[PDB]
Amino acid sequence: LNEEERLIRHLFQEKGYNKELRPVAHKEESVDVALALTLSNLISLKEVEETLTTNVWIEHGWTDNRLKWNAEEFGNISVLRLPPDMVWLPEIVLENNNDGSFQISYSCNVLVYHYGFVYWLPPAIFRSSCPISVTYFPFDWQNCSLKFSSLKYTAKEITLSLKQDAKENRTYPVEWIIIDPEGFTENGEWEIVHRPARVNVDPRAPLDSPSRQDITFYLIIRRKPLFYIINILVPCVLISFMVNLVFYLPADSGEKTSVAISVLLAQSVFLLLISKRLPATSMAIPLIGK
Amino acid sequence: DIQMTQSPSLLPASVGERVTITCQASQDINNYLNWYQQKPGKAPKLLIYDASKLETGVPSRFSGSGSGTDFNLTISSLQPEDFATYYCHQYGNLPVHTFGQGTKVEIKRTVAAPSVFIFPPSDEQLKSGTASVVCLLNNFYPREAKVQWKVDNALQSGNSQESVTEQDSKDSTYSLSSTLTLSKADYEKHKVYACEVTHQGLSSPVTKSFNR
Amino acid sequence: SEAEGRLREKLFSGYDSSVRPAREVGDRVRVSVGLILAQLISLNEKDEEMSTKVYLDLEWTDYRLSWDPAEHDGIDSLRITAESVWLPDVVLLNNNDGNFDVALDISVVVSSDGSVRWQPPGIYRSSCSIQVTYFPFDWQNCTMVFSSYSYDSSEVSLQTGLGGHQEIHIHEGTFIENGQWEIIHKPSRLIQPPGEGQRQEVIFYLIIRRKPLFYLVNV
Amino acid sequence: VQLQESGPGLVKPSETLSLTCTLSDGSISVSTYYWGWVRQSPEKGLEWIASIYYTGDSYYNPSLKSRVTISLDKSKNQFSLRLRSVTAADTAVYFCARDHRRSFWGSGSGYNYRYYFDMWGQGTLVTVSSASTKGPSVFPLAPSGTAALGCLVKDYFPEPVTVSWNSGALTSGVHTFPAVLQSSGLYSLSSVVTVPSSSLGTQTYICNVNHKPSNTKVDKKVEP
Amino acid sequence: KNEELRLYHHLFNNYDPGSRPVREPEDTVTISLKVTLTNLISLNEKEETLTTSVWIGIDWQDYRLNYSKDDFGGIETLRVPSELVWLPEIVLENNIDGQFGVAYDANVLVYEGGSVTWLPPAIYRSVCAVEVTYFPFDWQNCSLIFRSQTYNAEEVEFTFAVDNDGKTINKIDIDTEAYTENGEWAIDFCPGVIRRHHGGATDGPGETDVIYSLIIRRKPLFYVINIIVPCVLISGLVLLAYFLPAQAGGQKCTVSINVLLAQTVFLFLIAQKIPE
Amino acid sequence: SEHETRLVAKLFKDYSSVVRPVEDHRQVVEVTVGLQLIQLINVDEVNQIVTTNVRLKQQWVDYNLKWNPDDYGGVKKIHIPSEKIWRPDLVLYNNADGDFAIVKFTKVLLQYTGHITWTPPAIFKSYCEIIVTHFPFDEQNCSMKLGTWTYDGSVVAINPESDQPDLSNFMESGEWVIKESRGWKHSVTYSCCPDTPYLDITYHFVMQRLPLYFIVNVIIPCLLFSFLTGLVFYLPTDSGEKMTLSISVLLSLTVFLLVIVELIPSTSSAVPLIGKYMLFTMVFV
Amino acid sequence: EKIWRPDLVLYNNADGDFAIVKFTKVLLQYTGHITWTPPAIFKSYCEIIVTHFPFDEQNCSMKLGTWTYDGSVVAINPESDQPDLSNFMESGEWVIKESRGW
Ligand SMILES: *[C@@H]1O[C@H](CO)[C@@H](O[C@@H]2O[C@H](CO)[C@@H](O[C@@H]3O[C@H](CO[C@H]4O[C@H](CO)[C@@H](O)[C@H](O)[C@@H]4O)[C@@H](O)[C@H](O[C@H]4O[C@H](CO)[C@@H](O)[C@H](O)[C@@H]4O)[C@@H]3O)[C@H](O)[C@H]2NC(C)=O)[C@H](O)[C@H]1NC(C)=O
Ligand SMILES: *[C@@H]1O[C@H](CO)[C@@H](O[C@@H]2O[C@H](CO)[C@@H](O[C@@H]3O[C@H](CO)[C@@H](O)[C@H](O[C@H]4O[C@H](CO)[C@@H](O)[C@H](O)[C@@H]4O)[C@@H]3O)[C@H](O)[C@H]2NC(C)=O)[C@H](O)[C@H]1NC(C)=O
Ligand SMILES: *[C@@H]1O[C@H](CO)[C@@H](O)[C@H](O)[C@H]1NC(C)=O
Ligand SMILES: *[C@@H]1O[C@H](CO)[C@@H](O)[C@H](O)[C@H]1NC(C)=O
């Protein structure tokens, strides 16, 4: 491999490439970083800890004009795989994690094209804060979010944007989480209803603050209540309605208050069952709790 | 069905001389050709691949060329460990292979006239009903030599076998033995037997004969 | 950013990131310390630990990283990886799980006058002594004690961040409010050493009241 | 790391030559290698027989395709050759070799391949002949200012025979010709030394011929 | 001037920790191995994991690191970081948690004569398939399998260390004074065996390892006190139903079915402990 | 050993691990990939995650790492840190919540011909759709999709070492029986980029649950409760114990619901057969 | 990390870290005196006697020593007869009756 060994030497050694500096002619300019998110699989939503665990592939696209080359001058090479530590990176992190894992999991190679475009698709396992609305549990739906920003770079330095796709020579932004219809296996308890993506900009914040800009990918997910229905609600509802049979029992049977207090004990066992499955939040009483 | 032809079938040379070996393909094979070196009693060793690229560890004096029907293996300065048999190997997109006939490279020395001897069959052999008559060409260079038999001054052919040693380590010449086998009756029927040697170092053909 | 590269090479020539910035022997480095509460994750009573997500806010002057913007194409500020510069060793002393430092080093912002601001994220599990007498109708007083691990008061002097509140900053729109706890008070105090080896502390207090609806319904 | 041949060194005519090649510190299930057989003979030079892939794909010399079967054994990491209807033309040194495949990408055409043999075995000589084990017959080649004399070793099988002179005392000028296969199917050679003529009537010359398969030891005194 | 610095420079200015200490490629390095168990931390039946604390004594010879104390002022030992010397790279093969190496990279001790000693401590979580048949009156046979992660048997081989009397220590060593028995598990036996395999021609290069077989015994006192004895008494109570009168106020079925309910409670209790 | 030191100094003098280990940029790297399943650690039906211990054998030729053994004292093979050379970046595409790529950078065995064998261990946590219809008598089919993350089929080509995964060193599992295992290579080319095929190798395992645990702990108690439920109708009414018996059976089932929920898979993809039986028993008591 | 340090190890470590892993800064004086006060989470194996539980008394220990250096090359001595409990946080479950370093 004389050709791209020579090319890497030309780009990084001969031209003195510096990964600490942004790819901008002047400091006042900003780098446009286009972000997309693919959801490989929704791992879980733990209600008690209020944590959403997801597997997501983050597509970063930006331009680095320092890494341009003439393809025919280097044996027609059009693309290079390089380690991410060799090049400048738009350090995007998940702001709303709740375990300290801000960064992507696997730092894969960047793909650098001869026209200066840098493509980078790191995968990641993220654990994010998703506050839980227990009001209609187990018939509830949740509204989780994955907020991506850069703590190293502000809006002054980089401009976050959504990935743009093309169809019939018409460009459109990718305003949703990407899900492969073939390769995606649905979660066993949560069905995705909506999955938008939004570039959120704060006019109140200054430009040189990290909180000015972010890209948020939301997940509206409906619980599939079949397990809870079958295992709690039908037994609980039937046992609760069971107490009405004491009125049809004669007083000479001597087994009225025993039946009723047994029904109360069974309800208490069900309350013990539910006590471990939800957080002790005070926003609302759960529907099953009601 | 590509056939490879090497040239020369035998290349005398000496240390320090520039050596060239040619290979030629019946069809156009682009640069789908490799060159191998084989020492005596050893497996071949790959020298050049893709007709111009040198394998790792090979000395840099070896070079290869050719991008068509004709290819070259060049030794810039022949080293004493470069005396070996060289083969050109043609491959295709599939693992279907053909090889050249091979090119032997010997240390070159001075032209020597053969020492010619003739040996009749022994009495013990004649007791067995066969007659083997040998004649020997000793210490002669190069390998080009012709040997004939004559029976009562009548030429023979098709019944003599030729056995040859390799180059001697020191003086780098060859030794050759030509053996004629006959039945006892045919041996007793004809009187005079001789062998006839023609060699480039001999001004005229050289005959050794005997009578019984 | 050729001008930025030249400025960086000028600044970091002969610069030792392990050496505390003191132009003269006896000069103290003043560090302003503040805290932004991004989330009150939990208060585990079994483990007696408060889990919080925060951003620190550390401000100090490093005289070695000063320059004239007119001589460097008007560059009045830089964003530099935190490991490249000297940092005060400010840590959470009262951590519960043994993790003292920040979650991500990120970058410092260096101004032309040598001022350095650093706002690293931190996931902190701090020890909190639980007052169990009135549980679940209880309020807790959980502190976060921040201080330099190594340097003494004669080297690094701490103070509360402002510019002036002595409080934890909670952004109003973006605060993840806890479903079980309500923040009553959130002050910050500078504790001077008792009575060198002496050291200051910056203690951020969180007085939080539990919201007992679950226990009313279920018990 | 190494390839090692194995199999019988003698096959009678019309029988199947069976050879095996074993790998040392290496597996046969590799996608960038074919495993092949190459026979060398003095009259045909180097000649590739067949090659096989670890998935079972096989390629054959067109001349030898009908008589050749190349097979694998991945459990033992071996690959074997079977050449049926063997005749005298198949007497040769059979090497097992690793045909090393390189792959290349062409725009709009997919994969194209290049090959070279980068690993060989030692080479197993196989001789095809119906002859039976037999000891040699030694005949003196007595001399007629330098004379020649020798010993003619005839009608033996199989190789080798070691010829020494005066129990190894005489070595200078000693030349032992390679064996030549006669039409009868047995081997013959001569071993000759040249000496001064004046020493013919004064010096004793004895040739010691040793043939191991027959355990034949002959000490023939050569004199006039 | 500290003679240790001169000795270190003499031994390590021209030294390759990536190459085995063999004068020829086909020579084998012999490793003397001892495994000392400090604590048996636990045996998780649900995860089928044995957690133990050990330290491994590993001795070998490095001819490149040979020196005489006379040439260096009487130094008989030199401590250096283990990363500066070649190591046989011994790992626990049957770990369950993915942790192959040792817990603390301690210094190697280089003695005069070329003898190198390495005594790192380790915490190991190993696979132990739990034989459930007689739980809680069960005994287990947990393996600890040590091998070189890099080198085959022809490159690095193992021998057991000997004590001061010259007897081979073919077992797990335990310091009796410092040993505190696990609360639930008693270590009855711990033989060690050096196994060699894959030595056939077709099998390729030979392989070897060292297997220690901790035969451990459970102490079932907790299950006897808290589960089995109460369950036996409550399950014997149903026999009392035969003596109550067969009238309205006998409460015979009360006794029997409530014993069944208590046994259901015991099923819930036992489900939290048994293997799965 | 000094020969090996000199050799390693020579080979890595101007070596580049960034650069692919070929001689032309038009060459394709051939990686032979084999999977050895050491252990099936656990199947999590709730989160649908199968965690396994594997060895991921990878074999490929490095054309800048050849030498003649005769020039180096007959050294024919050496051991090199894997971080010092180019490696294929095999990634578990269907990783659930584990590591995506190999994180244990064990040493590679390098032969003088350029052949490299690297057999790192890994803990693969792969998302596996769990069909709970026949639980605890259910049969699962768990795949492990492996591919070069950043290299397409035109630059790095991957092929399986064998038609099946290597189960020779497989530890016995106390919960599952692997009935079948098989590895398939797939190539996918998109219309947008018809010159960059994308390759993967998927190793699928078909595993049958051993149901004795759930039969003993779950099914038999419900069977007893269900059986006992019919015999209250043989009790006389005058004894005043019919409601006591039936209500106590109901209370026993209610307590047993703790065992059910802690043991049964808490997923809503379908109703487990054991859950159907539980509901049947509850409804009929 | 730049200087030589003693390799103190907790000999009765159960499942935590054997040695110091939090490499905090050393205070170096011009006389060559070095003070290094790293933190640690010690998980120590200790024989627990449950005969009198919950009225039980537990005597637990922490054995510390230089793992690879013997007394002839590195000597360790206690700073004080007792552990320093001046900054000890009150436990809601245990009362430390006695403490002593030997
Ligand atoms: C458990 O679940 C897995 C899915 O995770 C199932 O795996 C599938 O298994 C079947 C075999 O039963 C596979 O089908 C076979 O695919 C082969 C490879 O196809 C690839 O490569 C070719 C080029 O070689 C491409 O054309 C193709 O698009 C793929 O890229 C084919 O070669 C096979 O062909 C053979 O069978 C077909 C049957 O229709 C014949 O027509 C052919 O002539 C030939 O005989 C075959 O098609 C399938 O690819 C696997 N899918 C995967 C791994 O994703 C398991 O089967 C399942 N187990 C059970 C018990 O259900
Ligand atoms: C604790 O577990 C260990 C490890 O599992 C166990 O030690 C092993 O025991 C087995 C036997 O159960 C040993 O296997 C033997 O190996 C020898 C060669 O060393 C063979 O000759 C033996 O052959 C017998 O078994 C074959 C298969 O059934 C038969 O075909 C044959 O005819 C013989 O009957 C057998 O394969 C193994 O070598 C040891 N490994 C060690 C000691 O490292 C140990 O016994 C267990 N301890 C208990 C249960 O107390
Ligand atoms: C080989 O070299 C000689 C000398 O230059 C030349 O005459 C001959 O044509 C060459 N052969 C080929 C195939 O180039
Ligand atoms: C080690 O070197 C010393 C001298 O420094 C020498 O006396 C001794 O023989 C050597 N030992 C070995 C085993 O080579």
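Ligands are counted one by one from 1 in listed order, and the atoms in each one are counted from 1 as well. Computed over heavy atoms, backbone and side chain alike; hydrogens, waters and symmetry mates excluded. Lettering follows sequence order; numbering is per chain, from 1.
Enumerated by chain and number, the residues approaching ligand 2 to less than 4.0 Å through a heavy atom are E:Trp139, E:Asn141, E:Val193, E:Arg195, E:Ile211, E:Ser213, E:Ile215.
Under the ring-ring contact (aromatic ring centres under 6.0 Å, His included) criterion, F:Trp176 pairs with no residue at all, not counting sequence neighbours. F:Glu175 meets the side chain to side chain donor-acceptor pair (under 3.5 Å) test with no other residue; sequence neighbours excluded.
For ligand 1, one of its N or O atoms has an N or O atom of F:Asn141 under 3.5 Å away. For ligand 1, the polar-atom distance check finds an N/O of F:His186 within less than 3.5 Å of one of the ligand's N/O atoms.
For E:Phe12 and E:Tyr15, the ring centers are positioned less than 6.0 Å apart.
Relative to atom 55 (C) of ligand 1, the option among F:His204, F:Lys145, F:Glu129 with the closest non-hydrogen atom is F:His204. Evaluated by nearest non-hydrogen atom to atom 7 (O) of ligand 4, the leading choice among E:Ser68, E:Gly114, E:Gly113, E:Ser115 is E:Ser68. Comparing heavy-atom distances from atom 20 (C) of ligand 1 across F:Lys185, F:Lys179, F:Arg182, F:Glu139 singles out F:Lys185 as nearest.
Within a 4.0 Å radius of atom 5 (O) of ligand 4, the protein contributes one or more non-hydrogen atoms. Less than 4.0 angstrom separates atom 27 (C) of ligand 1 from none of the non-hydrogen atoms of the protein.
For ligand 4, the atoms sitting less than 4.0 Å from at least one non-hydrogen atom of E:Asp71 are 4 (C), 5 (O), numbered in the order shown with element in parentheses.
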Let me check something: any side-chain donor-acceptor pairs from residues 38-45 of chain F under 3.5 Å, sequence neighbours excluded? List them with distances.
{"from": "F:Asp44", "atom 1": "OD1", "to": "F:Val46", "atom 2": "N", "distance (Å)": "3.3"}
{"from": "F:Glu45", "atom 1": "OE2", "to": "F:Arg209", "atom 2": "NH1", "distance (Å)": "2.7"}
{"from": "F:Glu45", "atom 1": "OE2", "to": "F:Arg209", "atom 2": "NH2", "distance (Å)": "2.7"}

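Regarding atom 5 (O) of ligand 1, its nearest protein heavy-atom neighbour is F:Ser143 CB, 3.9 Å. Regarding atom 10 (C) of ligand 1, its nearest protein heavy-atom neighbour is F:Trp184 NE1, 4.1 Å.
Within a 6.0 Å sphere centred on CD of F:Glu172, heavy atoms belonging to other residues, nucleotides or ligands number 12 at most.
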